[PDB]
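A.B. asks: Have a look at this one before I ask anything.
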Ligand code: CLA
Ligand code: CLA
Ligand code: CLA
Ligand code: CLA
Ligand code: CLA
Ligand code: CLA
Ligand code: CLA
Ligand SMILES: CC1=C(/C=C/C(C)=C/C=C/C(C)=C/C=C/C=C(C)/C=C/C=C(C)/C=C/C2=C(C)CCCC2(C)C)C(C)(C)CCC1
Ligand code: SF4
Ligand code: SF4
Ligand code: SF4
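Next up, the structure:
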């Protein structure tokens, strides 16, 4: 069971270094953008020409590699937590037999250890684990909110904000109030940063709540 | 060429829409496109809907320069009509924009001086460190 | 123990991404090709393709075979 | 206002000028190419940065380059 | 620059909300600020490092003070295998009565949080034994931050 | 004049264009230079109006494509009947439908996969099916495997017929454009001919083959001693014993004594207690009335004789002080644009599928369908998904019509013009409605979660707390329960058991249907549904209305219907095309349908489905936990997702092991989609640049230059994988849960 998870960790490491090294070594330019150094470390793109230039800057390579870093660290932390929680319970054989296939990870680690956490508050009362139960769903919600910024892009939101500006300008008793900064949608690079921040915050909080609650419901 | 002035010519027949001018025209600027038509005819509006252009002079006020140019290129391509447009400020000042020289910009013309022309290939721009702690860009040199 | 291990590993993961991000920023802002002629730092830009392709091969091999073994066991 | 620059690899096919949505570019006389004309950008204050000119550029690499710079009400395409 | 940010004139003339968002996001990129010099860059970084150290000292002083004030360190050093360490107290007006009862752990008289940072074991190992020791450590760390 | 108009031998039948990929378009026919070509060939395969500008040429192509689709559907039906006849336990299920699970698929003994042949009962091993074919076959009167073989053969013959018809009508007799534009004749024939005569024939089959055989089956006689269907036509005496009225012949029909047929033509309502489904005598009368209604309806329009209506005449006479010229000009639009008709038909079909899904669970038409929970859940979810997809396609093709076929200079319409002149007001109002609904629906769940987490159950929105009762739906239920007595006196029972008539139908110790109670939790989920529907409508309507132009892009029509962007200018112009709006609205349609099916599953397992003992006590699958647990997000996470996933995660080593494997595979594909959704092609082209170097170093670089996927194609791949993984996760989880516990 350890042999497979160690190679998963190695794959995660290699892929993350691949992304980061490719971003660093192509920062000054490439065949698609020979003059990349002339635009800086962080720029949105080079436009729809030459086939399309989405996420061509070096900052975008880091933005992509953060997801792989999070996935790799999640793998190593899952491994550590599952290997220790079974050792503290007196039955290592649960990990030895169930870690060789991924359904074992899904059922005997995630599903099995979330029984106490999700029962922090229920229609029959609450206990001291309710904070972690609330934070579990809080992290889920933030993680899902990040998908909005990571999937939907700017033009849809700008065209929608135009209609809201018209609606405010035509509403009685609200024309008396005027904005001082013109409302615009988030920038292309700004939205990537915001979505990545939401993704990372949800990723950290969900696992922190799950780990603390699962290790504190039974104390190993 | 001496740019033409702005008369009080009529406007196309239109029922009104929510896509017209907003308070930005009141405080910052708006644009005016004028053309001449041989007959009354339907034309799509850049703000949505269809209007009727009258025969003779036609004047239309819009919020952006891009709207004026889009309508102008549509007129030139579909109706074969020459057009002009101007920028109008809240204090009544009118600035003539296009066609600037009296000739459309895709056609070469004498009297124009190049702005932003670099006498080098794009691959000969200097590295950022050479312009570090100076206020200049590599492409401005 | 679990909280400390997870905390420190996630911090290390973020720091290691920062190390490469600033290394990338150096190549754009501070790198002087003329003052680094044919030293160990220019040769990396010389065979970046060989480096990237080999990293891609290693990652592809690891992913293919690890996932295949996991799915076979499943 | 964004920055639009023209390099002497221009062949003067006037493709950028007729792809401009805000009339930023124009053609001026020249002697460095067979067409005897080169592009110029005298009205970059109306530039929006859509980079439509670079999509119409036939030269390799591009002869017209757009650099996104300080943002104004004209450059963000705001009508309100 | 006449408005915010004052270090970027180009951002200051932006008439949209983007002027604010970007002003926060480029505050510590000293290299791209208006009229920046190498001497100013190095001096600003040197100054910022001191503020970071002050924040680090203040955080540790706060942890020590709260452990000494609302914790159960003296009762924990007598039963480390059966006393749950306390980080700090809880005062939330939104709490209900079952929440007040459920969060009264350790030997506390009200809702508290159980510390999982391992500061109790670390401080017990290095010789600290009483609440007064933590109190005088917190004052020293505040002095260092100042 | 309305007459047949054809052209002889318009296109020669040859294999020469099969050997030239991309022949249909000017650009693609030249051959590939990069890999993008390979994708462009498949994306433009069925974009007929982009191949040619001739309306007649396009129409002939769609006419033949429909024949091809019909042939494929006939092949699928033939396969289903053949597998029922050859690899099924239908004949054993007929004699014991309450204890035997339907199965029509048997796997081969290879690589250990033979574990999927589970014990479905009746001395048969196979895969349990949830299509509901067994109950439909029992309703139709099918009793032996031989009649299924004949149906399979007939369906094969019909598939061959449709394929030959498609070839003949594209290559030999191609109808002219005037033939297609004869909309009045088409409407008349589809209303009276197709629907009316089809329903009349089905009614005849029901009163002659279905009613007697099902009367024998419900009486408890062996299927192998029921007289054959033709025996009920040969000697009418056999038919005069179950129903003596048949002794009178057709005299009562022609003399207008219809009450004499009350034996087999009824207005009952409710369900058959032996069967648990609608009375067959009710269904036959329903179809006989529908036949007359449609036959009369199909006589409304004028084709060649003076009588009838003109569609243009009706359209041009509907105008008012608020709508100008009115509907004038719509006849020209709908007779010259395939995309507008496709949009309208897709919207109507998608809406009708959802109605079918809602009506089939509340009024089970087929025998022994209500107590087969796996079939009911599967049918409901399947039809909900089909309806949602068709509805999204409606918006896509409306946007396509707006981009391509809209022309105010030649095809002006006042209504469409006036809609386009106040689109800002429509979109802003829908935005406000979406925000208000999202707050006042989802934030109540957050309020409940926070109150429960804070130890304040008395401050929540619940039936034992601050109440939010759906009084309007409760009043409608009470009104429908009282219908048989005051407003539908000829009806014996209400149209459904769920209205509240205080009765429950039990078949084989299992609850078929019972009055469904509505409370605060239902009030919450219904407004959640409304919020998601409104957001999907907002996304799609904004794309349709702003496809031609916007204040950001005055000339969005020249960019086409499907383009990535208009550059990073104006702050950023990503996903401004109408295609992107469909791409985004697919996610929200998925979200809405997922919430609807989750609601249905939990409610049915908690308050309707269950078991009943020979004491009169009902025990539901989850014991009525919906009312107090479905009011918090933690309740959905714990008592629905965590509790009911316990089946699919412990299915390894059993006959349900294929659902856990599909569970994991769907999770994997859903995660895989995020690589495409979160990135862009500029990184991938640069990465490919390095691999191309490695290939060139070893002289293995292909001539077809590798290209990263286009900006639009990456979005399509991401959304397709996202939808596939998400829908398959629920498919596996639902099927495993409802087969193990149902
Ligand atoms: C010793 C460590 C160190 C130092 C001195 C710097 C210093 C610098 N970095 Mg850097 N960096 C670091 C570590 C460091 N970094 C690490 C570890 C990473 C990887 C994560 C990065 C990634 C990084 C990028 C990608 C970039 C920089 C940039 C910069 C420069 C400008 C920073 C700026 O504008 O701040 C502005 C920073 C912010 C406004 C922070 C945003 C808020 C974040 C997302 C935290 C949000 C937390 C969230 C709200 C929590 C919610 C909780 C919930 C309960 C509500 C500056 C020279 C930028 C630059 O100019 O490069 C040329 C740039 O583009 N760095
Ligand atoms: C679970 C989701 C998932 C998966 C499986 C992958 C997989 C991969 N990513 Mg990736 N990625 C993801 C999410 C995911 N990513 C997300 C969310 C992001 C953030 C945007 C990224 C960002 C990212 C970057 C930036 C990079 C990668 C790279 C890679 C590749 C690394 C090499 C490898 O593992 O080879 C193993 C390959 C696989 C596991 C792919 C699956 C192959 C299947 C199982 C075999 C075929 C099955 C069957 C025959 C097909 C039939 C289906 C159909 C024909 C009917 C690999 C293809 C790197 C790369 O390209 O290196 C080569 C790279 O540079 N990814
Ligand atoms: C939508 C319709 C549909 C579907 C999904 C199925 C599905 C199935 N049928 Mg089925 N069937 C159908 C319609 C359908 N049928 C119809 C209409 C009929 C009436 C003619 C039948 C008659 C029928 C019979 C009689 C049997 C099945 C069987 C099966 C099962 C196994 C099929 C198999 O392995 O293929 C067999 C494999 C192939 C046909 C090969 C695929 C050919 C493609 C073109 C690739 C060719 C490459 C080739 C294999 C390589 C060698 C070529 C050579 C040059 C070297 C499978 C569940 C079998 C079963 O359930 O066994 C228990 C079985 O015995 N079916
Ligand atoms: C008898 C054989 C025959 C022959 C030689 C031709 C020859 C021709 N036809 Mg024709 N056709 C035929 C039968 C035939 N047809 C039939 C039976 C129909 C009725 C459906 C049509 C309907 C038809 C139309 C509507 C059109 C043609 C066209 C053409 C021309 C080019 C088509 C081409 O490149 O095909 C190559 C394409 C294929 C081989 C694709 C076949 C795909 C099949 C039909 C669908 C099966 C897909 C199925 C869902 C697979 C699912 C599994 C998958 C997931 C793996 C060419 C002259 C076109 C034309 O005139 O060009 C301008 C045209 O518009 N034909
Ligand atoms: C009573 C007459 C009648 C009937 C029954 C139909 C029936 C049908 N028409 Mg149709 N049509 C009619 C008159 C009729 N039409 C007239 C008068 C016109 C000209 C105004 C059209 C113009 C027309 C178009 C343009 C299209 C249809 C289509 C369809 C099919 C819709 C798909 C469906 O519901 O599948 C139901 C499937 C069945 C009921 C299976 C049985 C198939 C039936 C029995 C075959 C119909 C035979 C036909 C009426 C006469 C055959 C000619 C003869 C020489 C053999 C359906 C088969 C669409 C289609 O799919 O095309 C293929 C389509 O695109 N029709
Ligand atoms: C009867 C319904 C119907 C019809 C006739 C059409 C017809 C058309 N649509 Mg359309 N559409 C429909 C329903 C329909 N659509 C629905 C329901 C939706 C919403 C999802 C859409 C969304 C849609 C968009 C967004 C677009 C079209 C486009 C088009 C046109 C080009 C189609 C083409 O070349 O595809 C070629 C076919 C393919 C490339 C095959 C795609 C394969 C799919 C993605 C895989 C499906 C997954 C599969 C079920 C699972 C298999 C598992 C796998 C392991 C084997 C054509 C006129 C395009 C256009 O330009 O119109 C002018 C366009 O941009 N449609
Ligand atoms: C769970 C993740 C999530 C959430 C919460 C949202 C939320 C929203 N999306 Mg969305 N979206 C997401 C994921 C998500 N999205 C993803 C993954 C995609 C990609 C497919 C999209 C794509 C998408 C599109 C394309 C559209 C939306 C729209 C909307 C808005 C609908 C209006 C509404 O309900 O406002 C109500 C607000 C909420 C329900 C948010 C939760 C608020 C609760 C009540 C807590 C608030 C308490 C209080 C304010 C906290 C203050 C404390 C203080 C300290 C700050 C809303 C802001 C639409 C829109 O803008 O229409 C107006 C729209 O067009 N989204
Ligand atoms: C003694 C001993 C041993 C050995 C050990 C060793 C030898 C280790 C090593 C280790 C190592 C050896 C590690 C390393 C690591 C590395 C890294 C981690 C790196 C990173 C990098 C980076 C991050 C980069 C960056 C950059 C860029 C990108 C650009 C340019 C600039 C710079 C540089 C900034 C043994 C085992 C036998 C046993 C035990 C004892
Ligand atoms: S979409 Fe984003 S990335 Fe693709 S072109 Fe427009 S801006 Fe550049
Ligand atoms: S940026 Fe857009 S507008 Fe300015 S020049 Fe290049 S193309 Fe013409
Ligand atoms: S496009 Fe290239 S060639 Fe045509 S004008 Fe602009 S620069 Fe000169």
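Chains as they are written, first to last, in the entry's author numbering: chain R, 515 to 734; chain Z, 50 to 190; chain F, 368 to 441; chain D, 2 to 81; chain S, 2 to 147; chain E, 9 to 750.
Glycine included, C-beta positions come from ideal geometry on N, C-alpha and C.
Hey, quick one: how far does the beta strand (DSSP E) through residue 28/D stretch, first residue to last?
C.D. replies: Looking at the DSSP string, the run of the beta strand (DSSP E) that includes residue 28/D is 27 to 30.
A.B. asks: Can you tell which of 589/R, 574/R, 618/R, 687/R has its C-alpha closest to the C-alpha of residue 520/R?
C.D. replies: Nearest of 589/R, 574/R, 618/R, 687/R to residue 520/R, Cα basis: 589/R.
A.B. asks: With distance defined between alpha-carbon atoms, name the residue in 23/D, 67/D, 59/D, 14/D nearest to residue 40/D.
C.D. replies: Of the listed residues, the one whose Cα sits closest to residue 40/D is 14/D.
A.B. asks: Nearest-angstrom Cα distance between residue 533/R and residue 389/F?
C.D. replies: Near 14 Å, if we compare the C-alpha coordinates of residue 389/F and residue 533/R.
A.B. asks: Does the contact criterion of 3 or more C-beta pairs under 8 Å hold for the stretch 605 to 615 of chain E versus the stretch 575 to 595 of chain E?
C.D. replies: Because the criterion of three Cβ pairs below 8 Å is not met, the stretch 605 to 615 of chain E and the stretch 575 to 595 of chain E do not touch.
A.B. asks: Cβ of residue 175/E within 7 Å of any heavy atom in ligand 5?
C.D. replies: No, the Cβ of residue 175/E stays beyond 7 Å of every heavy atom of ligand 5.
A.B. asks: Can you tell me where the alpha helix (DSSP H) with residue 392/E in it begins and where it stops?
C.D. replies: Looking at the DSSP string, the run of the alpha helix (DSSP H) that includes residue 392/E is 381 to 412.
A.B. asks: For residue 96/S and chain E, any beta-carbon pair shorter than 8 Å?
C.D. replies: Cβ-Cβ to chain E under 8 Å: yes for residue 96/S.
A.B. asks: Which stretch, first to last residue, makes up the alpha helix (DSSP H) that contains residue 58/S?
C.D. replies: That run of the alpha helix (DSSP H) goes 39 to 71.
A.B. asks: Any chance you could list the alpha helix (DSSP H) runs of at least 4 consecutive residues sitting entirely within the stretch 369 to 409 of chain F, in chain order?
C.D. replies: Qualifying alpha helix (DSSP H) stretches, in chain order: 369 to 396.
A.B. asks: Taking Cβ positions only, does residue 462/E come closer than 8 Å to chain B?
C.D. replies: This model lacks chain B altogether; the protein chains it does include are R, Z, F, D, S and E.
A.B. asks: So what does DSSP say about residue 705/E, is it helix, strand or coil?
C.D. replies: Reduced to three states, the DSSP call for residue 705/E is helix.
A.B. asks: For residue 582/E, write down the residues that DSSP places opposite it in a beta bridge.
C.D. replies: According to DSSP, which records beta bridges pairwise, residue 582/E is partnered with 573/E.
A.B. asks: Any idea if residue 348/E is buried or exposed, counting beta-carbon neighbours within 10 angstroms, 16 or more meaning buried?
C.D. replies: Buried, because 16 or more other Cβ atoms sit within 10 Å of the Cβ of residue 348/E.
A.B. asks: With DSSP as the reference, identify every bridge partner of residue 166/Z, one or two as the case may be.
C.D. replies: Answer is 7/D.
A.B. asks: Just curious, the alpha helix (DSSP H) that residue 23/S is in, first and last residue?
C.D. replies: Run containing residue 23/S: 19 to 26, per the alpha helix (DSSP H) assignment.
A.B. asks: Expressed to the nearest angstrom, what Euclidean distance is found between the alpha-carbon atoms of residue 174/Z and residue 9/D?
C.D. replies: Going by the C-alpha atoms only, they are around 13 Å apart.
A.B. asks: Using CA atoms only, rank isn't needed, just tell me which of 43/E, 92/E, 64/E is closest to residue 161/E.
C.D. replies: Residue 161/E has its Cα closest to that of 92/E, out of 43/E, 92/E, 64/E.
A.B. asks: Report yes if the C-beta of residue 6/D is less than 7 Å from at least one heavy atom of ligand 10; otherwise report no.
C.D. replies: No.
A.B. asks: Pick from 67/Z, 82/Z, 71/Z, 50/Z: whose alpha carbon is nearest that of residue 61/Z?
C.D. replies: Among 67/Z, 82/Z, 71/Z, 50/Z, the Cα nearest to that of residue 61/Z is on 82/Z.
A.B. asks: Anything in chain S within Cβ reach of residue 639/R, meaning under 8 Å, just list it in chain order.
C.D. replies: 99, listed in chain order.
A.B. asks: How about residue 42/D: is its Cβ closer than 7 Å to a heavy atom in ligand 11?
C.D. replies: Residue 42/D: no, Cβ never under 7 Å from ligand 11.
A.B. asks: Tell me which residues of the stretch 580 to 608 of chain E have at least one Cβ-Cβ distance to chain R shorter than 9 Å, keeping chain order.
C.D. replies: Listed in sequence order: 580, 581, 582, 583, 584, 585, 588, 589, 592, 595.
A.B. asks: DSSP state of residue 183/E, grouped into three classes?
C.D. replies: Reduced to three states, the DSSP call for residue 183/E is strand.
A.B. asks: Taking the straight line between their C-alpha atoms, what separation do you get for residue 13/E and residue 183/E?
C.D. replies: Spanning the two alpha carbons is a distance of roughly 6 Å.
A.B. asks: Flag this pair as yes or no: are the beta carbons of residue 645/R and residue 675/R separated by less than 8 Å?
C.D. replies: No, these two residues do not count as a Cβ contact at 8 Å.
A.B. asks: With respect to 7 Å, is the separation between the Cβ of residue 547/E and the closest non-hydrogen atom of ligand 7 below this value?
C.D. replies: Result yes, Cβ under 7 Å from ligand 7.
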